[PDB]
């Protein structure tokens, strides 16, 4: 059953843009819609700079159906909620934060996304 809708979270980090490269490849192969999301607490010119570069990276990896979503709020909430809202088949994040003791105990975006998601989660090895 092919992925139809893939959501990828980027904060503009090089690590995260690697997560976008991969989501873009997976989307192009599944023939899926890719949704690039960037969560932020709000001026807001850099959020759209992040989304256009992510778009360019995803398009270079093959994706052709790409949507950009600037989302107001915290990263975990914004990605999980977005994924429920668009009925995403897959949610993609990088792995920054997964290995520190403080991230394991206090939280990180990939770990909390993995725990909270009701869909498949791809954790791209970006660091």
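Numbering follows the first chain given and starts at 1.
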For the neighbouring pair residue 42 and residue 43, the stretch of deposited sequence with no coordinates amounts to 10 or more
Could you check which stretch, 71-79 or 53-61, carries the larger mean CA temperature factor in the entry? 53-61
Higher mean Cα B-factor in the deposited model: 102-110 or 20-28? 20-28
Please work out which residue in 47, 91, 96, 35 has the highest C-alpha B-factor recorded for this crystal structure. 47
Split the chain's modelled residues into thirds by Cα B-factor; residue 2 lands in the highest
